[PDB]
Amino acid sequence: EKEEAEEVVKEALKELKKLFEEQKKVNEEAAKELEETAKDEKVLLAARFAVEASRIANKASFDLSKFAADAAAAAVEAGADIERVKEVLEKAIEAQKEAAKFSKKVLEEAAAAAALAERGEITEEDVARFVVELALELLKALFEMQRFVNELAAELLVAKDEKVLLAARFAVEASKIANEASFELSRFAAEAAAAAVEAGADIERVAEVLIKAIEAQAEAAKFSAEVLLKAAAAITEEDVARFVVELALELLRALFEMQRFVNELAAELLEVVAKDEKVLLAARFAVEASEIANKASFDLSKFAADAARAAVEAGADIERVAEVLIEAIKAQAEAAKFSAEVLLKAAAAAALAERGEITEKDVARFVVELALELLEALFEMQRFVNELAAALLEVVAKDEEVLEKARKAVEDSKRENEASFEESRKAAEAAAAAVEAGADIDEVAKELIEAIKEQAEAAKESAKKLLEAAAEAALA
């Protein structure tokens, strides 16, 4: 029974291993042939990209297939109908074959556009667009495999306990929301490389940044698999809630690390594009301001999970705590996408300035109004997480004297967050009025960075005093 079920899993992983290394040898020999038809270096630079990126798609294909097998093995160890395990293993084998057929389809596009360009007609920008468009193709393909395999691993996770099943539902929900945000962050890194190619940047810098973004997806893909395999590797009702909080913190931490790595990939792509000094200062200002907003949002998401930690140690049930953590993770995903859209629009305006279509005052005006958009989105998240902390307090604060001190602390943070945005808004419309009067972007950006950091400082101190009140309410 279960021993035979463990025999089907090991043979499934055995087949997945040979499928992965048969496709490895097929693609590795298609790379030598791709080296032959690489007349001129630009074709070889694109051929080596398609080869290196296809080896990532094939390697990430097996890592996601092995995760499905390890998830199926864990199901057998803790009760499993063997026919639903065979069904999941069969679907994972088809996904490996499908991802293998795509890794070769990538090299088909490479060899086609290769000799086509050396024959003529195809310019280097079309080769540069081919590399960028291919980057989009693999990033989307890796996300679909991870979404499909995580769906299979969801069906596997066995609990036989409502509370533990609610925790498995949270792990599946939180990982799916984070994997969607990581895909959109890597997509913005590829959309930034598309604006750099159409602006005149060299494909060599664009190619290596895209490889950084492709590998970032695979590393986050395996991390999400390892945490979900920890979730399967499960008692105490409070240790289940402690797992949910620690899982929510790890995904928020990996999401910010993706926001940080992708933010730095945009700075590299702006350095090659922004050849003008004053436009480079606007690019470097928007890059830093966007990253500051990423830290502040992550600090506001970590405060929510820390407030949820103080709630589970006070005795709040897992169900309400899982809701607040779900709302916090998607709140960080909203900021991650919003901060990426702001930085994407900044790269476009810098490209317009490089082409000469807009002036430097237009770029200075644009990065200032983008700074206010980030200051508003940070303030809207401060009010959102403040509502979540007030919700968690309404469950743990039962003594009317404890509730009164807690509700007062929620109000004080509401006034502190509001007043901090007024300070950041006054400085925003002051820096905008300076741009129109002809003030140098160096001084405007310097004073706006200090305003954004001062709101981030006020947000930290407000969250510190608020988490303090929730902790004392838990002690009583």
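- Structure determination for this entry is recorded as X-ray crystallography, at 2.50 Å resolution.

1. Considerations on the overall build of the protein
Link 1 in the chain: When helices and strands are tallied, the protein shows twelve helices and zero strands.
Link 2 in the chain: Along the protein, from the amino end to the carboxyl end, the secondary structure elements read α-α-α-α-α-α-α-α-α-α-α-α.
Link 3 in the chain: The C-alpha radius of gyration computed for the protein amounts to 25 Å, which stays within 12% of the reference 23 Å derived for 476 residues, consistent with globular compactness.

2. Focus: the nonpolar core
Link 1 in the chain: In terms of nonpolar packing, the biggest core is built from 178 residues, with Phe-49, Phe-170, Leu-210, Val-321 and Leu-325 touching the most fellow members.
Link 2 in the chain: Of the residues that make up this core, three or more belong to each of domain 1 (1–158) and domain 2 (192–476).
Link 3 in the chain: Beyond its immediate chain neighbours, meaning those up to four positions away, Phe-49 contacts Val-131, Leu-134, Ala-135, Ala-207, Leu-210, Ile-211 and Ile-214.

3. What to know about the packing of aromatic side chains
Link 1 in the chain: For the structure on display, the rule yields four aromatic pairs.
Link 2 in the chain: On the basis of an interplanar angle of 20° and a centroid distance of 4.7 Å, the ring pair of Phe-143 and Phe-183 is categorised as stacked. With respect to class, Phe-143 is no different from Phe-183; both count as buried.
Link 3 in the chain: When the ring of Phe-379 is compared with that of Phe-421, the centres are 4.8 Å apart and the planes differ by 5°; the resulting orientation is stacked. Here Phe-421 lies in helix 11 (residues 400–436) and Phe-379 lies in helix 10 (residues 360–396), a separation of 42 residues in the sequence.
Link 4 in the chain: One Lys or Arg, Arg-383, reaches over the ring of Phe-379 and ends 5.5 Å from the middle of that ring.

4. Focus on the domain arrangement of the protein
Link 1 in the chain: You can read the domains of the protein as domain 1 (1–158) and domain 2 (192–476).
Link 2 in the chain: Distance between the C-alpha centres of domain 1 and domain 2: 33 Å.
Link 3 in the chain: Listed as interface residues are 25 residues of domain 1 and, on the opposing side, 23 residues of domain 2.
Link 4 in the chain: Mapped by element, the contributors of at least two residues to the side of domain 1 that touches domain 2 are helix 2 (41–77) and helix 4 (124–156).
Link 5 in the chain: The residue inventory of the side of domain 1 that touches domain 2, partitioned by class, reads 18 nonpolar, two polar and five charged.

5. Describing the side chain of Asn-179
Link 1 in the chain: Mapping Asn-179 onto the fold places it in helix 5 (residues 162–197).
Link 2 in the chain: A distance of 3.3 Å separates polar atoms of two side chains, one belonging to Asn-179 and the other to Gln-146.
Link 3 in the chain: Polar side-chain contacts of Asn-179 include one of 3.5 Å to the side chain of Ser-224.
Link 4 in the chain: Residues contacting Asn-179, with those up to four places away along its chain left out, are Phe-143, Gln-146, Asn-150 and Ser-224.

6. Observations regarding a negative patch on the surface
Link 1 in the chain: Taken together, the side chains of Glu-416, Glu-418, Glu-422, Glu-423, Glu-447, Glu-450, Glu-454, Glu-457 and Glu-461 make up a negatively charged region of the molecular surface.
Link 2 in the chain: Elements that contribute at least two residues to the negative patch include exactly helix 11 and helix 12 (441–475).
Link 3 in the chain: Mapped onto the elements, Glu-461 comes out in helix 12.

7. As for a positive patch on the surface
Link 1 in the chain: A surface patch of like charges, here positive, comprises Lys-10, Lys-14, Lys-17, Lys-18 and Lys-66.
Link 2 in the chain: In terms of residue count, the dominant contributor to the positive patch is helix 1 (residues 2–36) (four residues).
Link 3 in the chain: One can find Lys-10 in helix 1.
Link 4 in the chain: A relative accessible area of 58% means that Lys-10 is categorised as exposed.

8. With respect to helix 3 (residues 82–119)
Link 1 in the chain: Between its first and last C-alpha atoms helix 3 spans 56 Å; for 38 residues at 1.5 Å apiece the expected length is 56 Å, and the two agree.
Link 2 in the chain: Following helix 3 by one or two positions, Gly-120 adopts a phi angle in the positive range, close to 140°.

9. Section: the packing of helix 5 against helix 9 (residues 318–354)
Link 1 in the chain: Orientation of helix 5 relative to helix 9, taken along the N-to-C sense of each, is 0°, at an axis distance of 10 Å. Between helix 5 and helix 9, the interaxial angle falls into the category roughly parallel.

10. Focus on helix 8 (residues 277–312)
Link 1 in the chain: With 36 residues, helix 8 should cover 52 Å at 1.5 Å per step; its first-to-last C-alpha distance of 53 Å lies within 8% of that length.
Link 2 in the chain: For helix 8, the capping residue at the N-terminal end is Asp-276, with a side-chain oxygen 3.0 Å from the backbone nitrogen of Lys-278.

11. Concerning the pattern of salt bridges
Link 1 in the chain: Enumeration according to the criterion identifies 21 salt bridges in this entry.
Link 2 in the chain: Salt-bridge contacts for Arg-187 lead to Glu-184; the nearest nitrogen and oxygen are separated by 3.4 Å. Of this pair, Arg-187 and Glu-184 both sit in helix 5, three residues apart, which is roughly one turn of that helix.
Link 3 in the chain: Of the residues examined, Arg-187 reaches a relative accessible area of 32% and is grouped as partly exposed.
Link 4 in the chain: For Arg-407, the salt bridge goes to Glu-394, with nearest N and O atoms at 3.1 Å. One end of the pair, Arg-407, is in helix 11; the other, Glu-394, is in helix 10, with 13 residues separating them in the sequence.
Link 5 in the chain: Exposure remark for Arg-407: the relative accessible area of 46% places this residue in the partly exposed category.
Link 6 in the chain: Shared partners join several salt bridges into a network, and the residues in it are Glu-184, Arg-187, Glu-191 and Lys-337.

12. Regarding the side chain of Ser-65
Link 1 in the chain: Within the secondary structure, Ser-65 sits in helix 2.
Link 2 in the chain: A polar side-chain atom of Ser-65 sits 2.8 Å from the main-chain carbonyl oxygen of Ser-61.

Each value, and the rule that gives it
Residues numbered from 1 in each chain as written, not as in the entry; some residues may be left out. Heavy atoms only, no water. Residues with missing side-chain atoms left out of burial classes, pairs and counts. Helix = DSSP H or I, 4+ residues; strand = E, 2+ residues; numbered from the N terminus. Rg over C-alpha atoms; globule rule 2.2 N^0.38 Å. Core = buried A, V, L, I, M, F, W, Y, C linked by side-chain atoms within 4.5 Å. Buried < 20%, exposed > 50% of the residue type's maximum accessible area, 1.4 Å probe, protein only. Domains from an automatic or database assignment. Contact = heavy atoms within 4.5 Å. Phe/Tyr/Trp six-rings, centres within 6.5 Å; stacked < 30°, edge-to-face > 60°. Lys NZ or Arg CZ within 6 Å of the ring centre and 35° of its normal. Nonpolar A, V, L, I, M, F, W, Y, C, P; charged D, E, K, R; others polar. Polar contact = N/O pair within 3.5 Å; in protein donor to acceptor, adjacent residues only side chain to side chain. Patch = residues over 30% accessible without salt bridge, like charges linked within 9 Å, V, L, I, M, F, W, Y side chains within 5 Å. Areas by Shrake-Rupley, 256 points an atom, 1.4 Å probe, with all protein chains shown as cover. Salt bridge = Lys/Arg side-chain N within 4 Å of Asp/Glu carboxyl O. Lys, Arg positive; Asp, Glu negative; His and termini not counted. Charge placed at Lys NZ, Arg CZ, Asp CG, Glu CD. Expected span 1.5 Å × (residues − 1). Axes fitted to C-alpha atoms, helices over the stretch in contact; angles between N-to-C directions. Parallel < 35°, antiparallel > 145°, perpendicular 65-115°, else oblique.

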